[PDB]
Amino acid sequence: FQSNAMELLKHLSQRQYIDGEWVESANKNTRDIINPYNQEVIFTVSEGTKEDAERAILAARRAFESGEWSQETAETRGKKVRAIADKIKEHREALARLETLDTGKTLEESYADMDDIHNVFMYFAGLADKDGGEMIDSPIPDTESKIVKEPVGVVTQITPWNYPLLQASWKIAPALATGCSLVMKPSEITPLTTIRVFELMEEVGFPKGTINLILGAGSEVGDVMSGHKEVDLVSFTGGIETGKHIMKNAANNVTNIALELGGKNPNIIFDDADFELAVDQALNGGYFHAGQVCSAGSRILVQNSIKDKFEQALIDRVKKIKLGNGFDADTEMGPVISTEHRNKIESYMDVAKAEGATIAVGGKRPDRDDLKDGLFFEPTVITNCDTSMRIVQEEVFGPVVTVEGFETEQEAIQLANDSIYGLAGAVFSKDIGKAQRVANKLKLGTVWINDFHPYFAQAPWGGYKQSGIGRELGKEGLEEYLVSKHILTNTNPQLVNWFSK
Amino acid sequence: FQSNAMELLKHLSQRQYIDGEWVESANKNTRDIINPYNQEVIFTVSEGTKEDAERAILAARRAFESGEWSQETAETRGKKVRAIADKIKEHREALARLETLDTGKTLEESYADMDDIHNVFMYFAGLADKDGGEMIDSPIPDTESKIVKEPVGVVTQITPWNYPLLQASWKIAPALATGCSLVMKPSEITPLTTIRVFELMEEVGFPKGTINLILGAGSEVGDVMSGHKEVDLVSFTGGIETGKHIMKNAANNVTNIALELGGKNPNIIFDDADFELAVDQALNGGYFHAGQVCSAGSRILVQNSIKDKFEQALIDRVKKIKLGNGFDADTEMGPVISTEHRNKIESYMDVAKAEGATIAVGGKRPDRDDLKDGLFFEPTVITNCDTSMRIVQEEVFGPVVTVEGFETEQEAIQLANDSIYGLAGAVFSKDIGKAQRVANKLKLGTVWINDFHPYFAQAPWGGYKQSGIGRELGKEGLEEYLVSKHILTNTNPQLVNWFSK
Amino acid sequence: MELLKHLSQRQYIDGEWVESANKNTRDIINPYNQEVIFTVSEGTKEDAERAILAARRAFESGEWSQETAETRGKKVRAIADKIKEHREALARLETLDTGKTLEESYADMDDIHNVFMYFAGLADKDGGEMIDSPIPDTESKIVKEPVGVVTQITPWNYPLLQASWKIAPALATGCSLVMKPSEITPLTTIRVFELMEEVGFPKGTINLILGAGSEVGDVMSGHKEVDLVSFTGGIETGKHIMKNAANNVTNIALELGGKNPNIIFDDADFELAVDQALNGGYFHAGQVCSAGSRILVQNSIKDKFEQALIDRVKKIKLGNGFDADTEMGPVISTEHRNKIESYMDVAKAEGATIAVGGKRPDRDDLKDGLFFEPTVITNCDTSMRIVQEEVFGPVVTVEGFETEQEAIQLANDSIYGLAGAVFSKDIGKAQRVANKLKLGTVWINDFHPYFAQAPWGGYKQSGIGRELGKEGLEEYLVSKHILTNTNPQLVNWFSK
Amino acid sequence: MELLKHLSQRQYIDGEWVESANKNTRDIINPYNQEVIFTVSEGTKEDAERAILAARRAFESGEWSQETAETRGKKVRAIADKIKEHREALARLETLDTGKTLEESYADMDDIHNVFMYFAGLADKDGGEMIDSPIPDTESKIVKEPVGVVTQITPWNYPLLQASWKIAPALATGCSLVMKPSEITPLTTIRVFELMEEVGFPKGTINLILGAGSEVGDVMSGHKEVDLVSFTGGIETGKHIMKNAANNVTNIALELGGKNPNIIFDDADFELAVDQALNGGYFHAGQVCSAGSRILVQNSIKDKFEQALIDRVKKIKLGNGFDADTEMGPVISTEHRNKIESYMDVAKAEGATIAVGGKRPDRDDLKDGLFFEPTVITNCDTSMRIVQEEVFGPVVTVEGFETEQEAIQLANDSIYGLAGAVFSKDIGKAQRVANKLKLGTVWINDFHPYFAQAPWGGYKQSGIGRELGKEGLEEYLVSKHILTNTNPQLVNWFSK
Ligand code: NA
Ligand code: NA
Ligand code: NA
Ligand code: NA
Ligand code: NA
Ligand code: NA
Ligand code: NA
Ligand code: NA
């Protein structure tokens with residue numbers, strides 16, 4: 001099943017890309033990369049050092065100052081970003097396969113990511129030359145005032161394992177479109193598609209040092225990427241505790257930060273929702289990508305009048321979800337990403353039971369022989385819980401949902417907002433007026449009305465509260481990579497003569 | 001001279017303003033406030049505790065959630081902000097006097113601040129109802145996509161002693177215009193105008209808890225203001241080390257931060273500049289507000305061909321600068337702000353000499369009997385220095401300039417950018433083309449061509465590098481107080497049927 | 001009424017109150033009783049020519065055009081405060097001149113205050129753009145400048161309101177203007193010009209021409225020094241104005257009213273729909289731009305709806321706008337009332353039914369005024385002239401529809417495209433309908449609202465351009481692309 | 001030239017290549033030698049009527065108008081790539097039809113590629129706005145919709161370039177269009193329509209009408225189903241078009257050329273100014289929209305400047321646009337050349353001096369073509385018809401000025417307002433001048449540049465509206481304010 005993807009690795013680079021060259025780690029260290037479907041070592045790549053990271057940041061600064069890219073016309077930068085987009089489409093099949101091999105998600109999930117990635121690059125390619133800044137009506141006579149937008153500078157970018165190429169395209173596109181130099185480091189356990197995308201960008205051609213790729217989770221590599229004085233912006237997508245640590249580091253040089261740290265996304269279902277649609281979308285929110293996608297709906301809030309019927313209907317569908325190899329077209333859910341992540345998920349099951357919650361279905365590794373070698377976990381539904389519980393307040397980022405009941409509209413909103421997170425959520429009801437009222441009160445970066453999962457390049461994505469700082473995608477996403485400069489010219493300068501002559 | 005201002009204090013409140021009430025500190029502690037012209041204790045105000053700060057933040061959260069202000073129409077919020085602006089103008093004389101009394105700057109400097117403050121409020125009042133968000137052309141058929149702008153939420157705001165009411169208006173105006181609730185804490189040594197502005201805002205009328213005022217530098221008050229979980233944005237203007245500490249704290253709850261930490265602002269003078277203008281503006285950049293204003297030009301870069309002549313002409317003017325009471329119309333420069341700040345300035349003079357720099361004039365406290373009781377420091381020019389020196393790389397924020405020579409345009413730019421700062425700077429030359437080239441290469445939030453000092457509400461202000469994060473003033477400043485929410489409605493929802501039925 | 005003893009009677013040209021160049025005057029009438037209440041100057045085309053040339057001179061001097069946007073904003077705001085300050089008197093004068101109820105005039109005054117305040121705050125918010133030039137070593141900018149000299153012609157229904165929509169952005173942007181209100185309703189406009197002089201503007205920046213003199217209209221639309229002609233009024237006059245503006249390739253902005261549909265589905269809040277159908281049809285005797293004369297109601301509830309509407313129409317209280325009990329005043333003039341009567345003759349000839357009203361009220365206290373009964377025409381169809389043509393009177397037609405699709409097809413079957421409503425508790429549907437209607441403004445479960453924050457204007461024959469909002473400000477600006485080559489090199493295309 | 005054996009000869013209406021309804025045709029000429037090179041259909045007003053009704057039907061079906069903006073963008077991009085792909089052939093065909101040098105045609109092709117690519121990227125970037133409503137419990141939005149059906153008339157100087165300026169935004173926004181190129185220069189337009197069919201659009205979304213048939217122009221400007229008429233060409237035709245559009249209150253966008261000043265101060269880079277004065281006057285034989293026929297030079301260097309310019313003008317190499325040595329081709333047609341000759345007769349009658357040129361070249365190889373010598377007219381003034389009127393030919397006038405102020409006053413003394421330049425090493429001054437010029441585009445130390453990223457169009461009689469940039473996109477959109485009352489309450493104004 002996976003052997004065609006295994007073939008691709010025969011030609012994939014194993015090294016870092018620093019300052020126009022594929023290089024090993026300064027100490028020759030390496031890391032084994034695994035396929036989560038069978039836990040087999042499938043590739044070995046360089047494990048970079050903090051000096052490698054250092055050298056990349058300084059190369060990115062040197063290229064920035066040269067102006068080769070930063071002072072290129074916006075139109076031409078747009079054409080190059082478009083050329084990356086065209087590469088993604090041209091190598092769509094291989095890229096989708098490489099992503100399924102590395103992360104375990106189904107091939108159709110990977111193809112959908114490859115479509116999004118193409119559109120992300122294409123969107124930024126188009127936006128690149130559309131806004132150079134503003135002319136201001138100066139309140140001072142005989143002055144000309146303008147705001148010019150410049151690339152922010154050297155940017156470090158840390159991407160997560162869920163999921164590599166898609167989140168990388170969110171950061172890379174705007175950075176290249178605006179003229180920044182970047183240093184990217186993907187998750188130590190999933191570097192395959194990122195290494196491939198760097199090979200393709202190298203084919204498109206960028207001046208030396210504009211793009212650099214650091215691999216691994218080496219000692220203090222993160223520190224250097226978040227704390228180096230030549231960095232102007234650190235953009236991190238991943239876990240909350242690392243995110244916080246990254247921000248503390250960025251403070252040492254008063255460096256701009258952008259964070260996206262996941263969330264406990266609510267899926268609110270009223271008793272006047274289209275029922276079968278809500279059940280369908282509750283499965284999709286809970287179990288696409290094994291519940292590991294950023295948009296996952298792990299917190300179901302359902303109105304008390306239909307709660308029992310919704311629970312039975314959901315549980316009945318969950319038992320039919322097909323687990324298996326992501327390359328097998330019959331598979332509906334692949335495995336979770338690592339031993340460590342599967343272990344955290346298991347332990348949250350113990351906490352659930354101990355707290356009084358009911359594991360209504362799932363909650364364990366599956367039996368079947370073809371899944372035994374893999375990092376599989378059964379899709380899980382947890383009932384009879386409430387907001388005071390750890391399993392409701394803490395995000396597990398696995399194929400697991402909790403179900404809480406609510407009596408009124410006001411209670412739904414209150415419960416949905418009762419979390420430290422604020423990334424995304426949905427409201428299901430045929431009463432659109434009501435759904436709009438709810439949407440307006442939810443503290444969430446994105447709200448879906450009668451849908452679940454949609455994100456796209458045209459609109460910004462990001463969190464309120466502990467889910468993040470800043471936005472990716474849209475004009476706002478482009479803005480994270482820009483800095484504003486006010487240039488004021490006194491066209492008729494006269495002596496002030498404040499001080500005695 | 002100062003007795004009319006002393007009269008105003010007879011009716012000024014001495015307390016904090018928390019949740020619609022003027023209150024003492026929870027432990028009844030107080031702090032003596034000084035006039036830097038004579039070091040006399042002129043007022044005693046409450047010294048708040050961390051619990052006071054806590055209570056204000058929670059009151060601000062409660063008011064935010066009630067919607068009284070946050071859900072008010074933008075137009076009406078604009079009218080109230082306009083009403084504050086009108087108060088400032090109506091009480092312009094008293095406010096200017098109170099500011100000269102507290103900070104020591106000349107009365108004309110204070111009147112100019114009062115004009116700026118009126119225009120800041122008036123600008124935000126006008127901008128308040130001009131942008132509600134965007135409609136997006138959704139890439140998904142039968143979806144409606146919109147971005148709605150909401151107030152960011154609870155905001156804490158820490159203002160500096162240089163200078164109180166002006167920097168406070170930069171933060172307050174956009175916060176009220178967008179519908180946020182705020183908690184402000186001015187510098188412990190200059191709370192007078194801030195207390196007055198709160199009395200005036202109370203007259204305009206805001207729902208209980210929308211605005212709160214905390215006084216002092218109490219134990220952990222800053223920590224609570226920067227680290228409390230109910231805060232959505234911390235905005236701090238002040239010293240670099242406190243700024244960094246504030247950001248590290250804000251990270252504990254992944255809270256948005258906005259910082260403005262001063263700079264080492266360059267004033268580049270070419271040999272084809274209008275000479276007398278450049279000398280005049282070099283004095284203004286170096287010595288307005290005793291060199292303590294955010295826009296101060298402490299780093300003069302002058303072309304080698306006119307360096308000796310520029311130095312003599314500058315030194316000759318510096319000896320004529322009139323020091324004195326800020327209420328005496330003859331005064332051209334008042335005192336520095338505190339014993340501590342004057343001490344730091346003295347010690348930088350020792351470091352200058354030890355490093356080999358020449359104190360060409362000034363560098364000490366003045367003799368005169370009418371200045372003896374005050375915190376006066378002579379306007380100072382430091383020659384024969386270079387970029388490698390601490391006195392050139394570190395900002396003193398006093399009435400002191402350094403003079404370095406440069407041979408070429410390329411050297412001017414290089415030297416000007418050779419600092420950890422990036423707030424503001426100027427270029428003087430009759431060759432406008434050249435001045436534009438230089439302006440485009442300087443890493444600075446604001447660049448003046450043939451001028452020095454101008455900031456205004458219509459344009460954003462803030463720093464590159466260690467001078468800050470974010471912007472104040474302009475549409476950008478308003479944006480710091482807003483959060484974006486993507487609402488996506490599927491107008492024709494259909495079952496996805498990904499999972500087996 | 002005492003107000004009139006202090007009000008000027010002259011034109012305002014180049015900083016001076018002046019009579020007509022031939023001393024001609026015109027009598028102004030109170031439609032409530034047809035009494036002459038004031039006499040004002042009736043300008044000549046030479047007066048109009050003189051104001052245009054003055055506006056142009058002031059514009060060129062730069063005193064207003066080169067003033068800082070912030071300061072222009074502060075003066076527009078001072079005008080707004082003067083409106084609020086003189087709110088009562090202004091309301092009374094509008095009611096005297098136009099006949100609408102005192103309450104209608106108060107609401108106008110509140111709107112006018114907000115219109116001026118909106119543009120005052122917008123004045124200094126956009127100077128243009130910096131462009132990222134595709135040519136290396138070039139700087140590219142777009143500067144927004146005031147469009148220049150602007151002529152403004154306002155209608156009689158909301159004289160002061162429509163005036164503020166034009167005056168506010170013109171002043172905010174730095175243009176010089178020449179305004180001419182409806183010849184039958186100049187009072188509040190004269191008064192607002194007094195208020196403006198109190199604020200103080202450079203000579204020629206604002207000018208007021210009065211009347212309907214011979215070729216005054218033509219000079220305002222066809223003079224070569226005009227950069228923009230802004231007209232709100234009748235479609236025939238509008239077309240003529242645009243043809244004239246064409247002689248100098250002059251920018252035009254037109255608002256020509258419309259045949260505005262009121263769509264009522266059977267799942268609408270029934271009582272609400274009846275209430276809003278009345279409001280749509282009869283606020284200001286149906287002479288307001290946002291009036292909903294074309295009612296479309298779903299067949300399932302058509303009979304119930306017609307009966308309820310008609311029963312309510314019979315209770316509408318006609319009377320003096322100054323009396324607290326009046327719910328609808330008289331129509332504006334003899335000619336307009338005659339037009340409304342002609343339109344009733346067309347309805348009859350086409351075979352429609354006058355379910356109620358259709359004539360002048362009989363009552364004694366109403367005898368002397370220009371009153372017309374609120375009227376409902378039933379049993380008509382889209383092919384009839386009374387459905388296709390707008391009368392701008394206290395009259396509504398009622399047609400039925402079977403489906404959503406049929407309601408859209410009928411509502412879009414007219415030459416107009418200004419505004420309309422959809423009433424339905426199914427918000428999903430109301431939105432589908434609103435996205436398909438060719439109207440500048442669509443209301444979902446409401447009727448009439450307009451405000452400074454959002455643009456207003458028509459698709460199709462209801463206009464060209466927009467007023468209010470940022471788009472409204474933009475009619476008064478022009479873009480200039482200044483491109484600077486920072487490293488100019490010889491091209492050497494032609495042999496040396 | 002071989003290219004022509006494969007090129008269509010018909011119109012393109014409602015997804016089909018069709019002849020004229022009366023089978024009439026017209027002969028197309030190569031201005032280099034006046035040979036008939038192709039024969040195409042000559043449409044009737046009925047054909048035009050049919051395309052409009054087809055564009056309207058397709059627009060209403062929603063196949064293109066309701067397609068996602070992102071997908072519309074991708075198809076506009078595929079058109080752009082087809083331009084680059086067929087760059088050589090297209091350049092050769094433009095040169096064949098218009099006579100300009102192969103190098104001029106290549107630059108056009110590069111520009112056209114960038115125009116399409118710009119709008120392709122702009123398509124999905126702005127859907128409208130959310131408004132913060134001043135009314136509580138209301139949601140207010142402004143949705144931007146395609147304007148509808150658009151008629152587009154392009155000129156003969158840059159047929160394909162001017163076509164791309166109109167086609168690109170129309171397609172990007174979702175409009176349906178009907179285009180009619182200049183009757184004497186249809187070749188590249190026909191070819192671009194073939195390219196578009198290869199990309200594939202819904203039937204009726206694009207339509208091509210050919211010729212100058214009787215009342216074809218009038219139907220394109222006056223038909224009631226048109227929402228926007230976009231015309232680039234002569235000022236008289238433009239005015240007539242606007243008067244016609246007025247009959248249905250139709251939006252107009254006009255670009256009518258101009259009398260573009262080239263201002264040369266005595267502190268300009270002298271050699272640069274001479275070089276750019278030549279370029280401004282004689283690129284495309286001075287028939288391009290951005291041509292600088294009116295030279296204003298400071299008196300201090302006027303004599304030196306005139307002599308240098310004239311000496312260079314004598315060396316300009318006229319010839320076949322396909323030969324690498326040619327620097328200027330022939331003028332477009334017999335009529336236009338005759339107009340240029342008439343204008344030389346006016347210069348003489350007014351007493352001006354033909355310093356050089358002013359007639360047809362005498363040489364053998366040029367005998368058969370529509371050649372006109374590059375010409376310089378000296379000793380003229382602003383009061384003369386030759387200074388005030390534009391000929392769009394290879395001719396420039398030279399006038400002197402004493403001061404900055406006098407240069408501004410002279411440059412603005414014309415009925416036009418399209419583009420101009422200022423040359424001076426004193427950038428401060430050049431900027432003062434540029435801010436005072438009433439021109440849509442001002443170049444500082446350059447001449448000619450225009451690009452997709454910035455708007456282009458005229459003040460005064462040079463146009464209404466703008467093309468290129470965001471403002472260009474906006475002519476093809478219309479705003480709709482949808483206001484939703486989320487808590488509707490009865491008003492109860494009328495007694496229950
Ligand atoms: Na892996
Ligand atoms: Na946050
Ligand atoms: Na003090
Ligand atoms: Na920074
Ligand atoms: Na009516
Ligand atoms: Na129209
Ligand atoms: Na010409
Ligand atoms: Na015009």
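Residue numbers start from 1 in every chain, and the chains themselves are labelled A, B, ... in the order their sequence lines are given, proteins ahead of strands.
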Return yes if a side-chain donor-acceptor contact under 3.5 Å exists between A:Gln458 and B:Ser145, otherwise no.
no
With a 4.5 angstrom heavy-atom cut-off, is it the side chain or the backbone of A:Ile246 that approaches chain B, or both, or neither?
neither
Less than 4.5 Å to any heavy atom of chain A: does that hold for the side chain of B:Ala250, its backbone, both, or neither?
both
Counting heavy-atom pairs under 4.5 Å to chain A, which of B:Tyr287, B:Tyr464, B:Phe499 comes out on top?
B:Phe499
Identify which of A:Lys485, A:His245, A:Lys465 forms the greatest number of heavy-atom pairs closer than 4.5 Å to chain B.
A:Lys485
Main chain of B:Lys248, side chain of A:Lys248: is a donor-acceptor contact present, judged purely on distance under 3.5 Å?
yes
What part of B:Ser467 is in contact with chain A, defined as an atom under 4.5 angstrom from a non-hydrogen atom: side chain, backbone, both or neither?
neither
Of A:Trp448, A:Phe456, A:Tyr455, which is the lone residue that meets ring-ring contact (aromatic ring centres under 6.0 Å, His included) with B:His486?
A:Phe456
Below 4.5 Å, heavy-atom pairs only: which of A:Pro493, A:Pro460, A:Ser500 has the largest tally toward chain B?
A:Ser500
Answer with side chain, backbone, both or neither: which region of B:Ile420 has an atom nearer than 4.5 Å to a non-hydrogen atom of chain A?
neither
Residue part contacting chain A, namely of B:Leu277, when any heavy atom lies under 4.5 Å:
both
Out of A:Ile147, A:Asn253, A:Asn249, return the one with the most heavy atom pairs under 4.5 angstrom to chain B.
A:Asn253
Check whether B:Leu444 gets within reach of chain A through its side chain, its backbone, both or neither, counting any heavy atom under 4.5 Å.
backbone
Are there over 12 heavy-atom neighbours, none belonging to A:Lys441, within less than 6.0 Å of that residue's NZ?
no
Relative to chain A, which segment of B:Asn440 carries a heavy atom at a distance below 4.5 Å: side chain, backbone, both, or neither?
both
Is the backbone of A:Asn490 close enough, under 3.5 Å, to the side chain of B:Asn450 for a donor and an acceptor to pair up by distance?
no
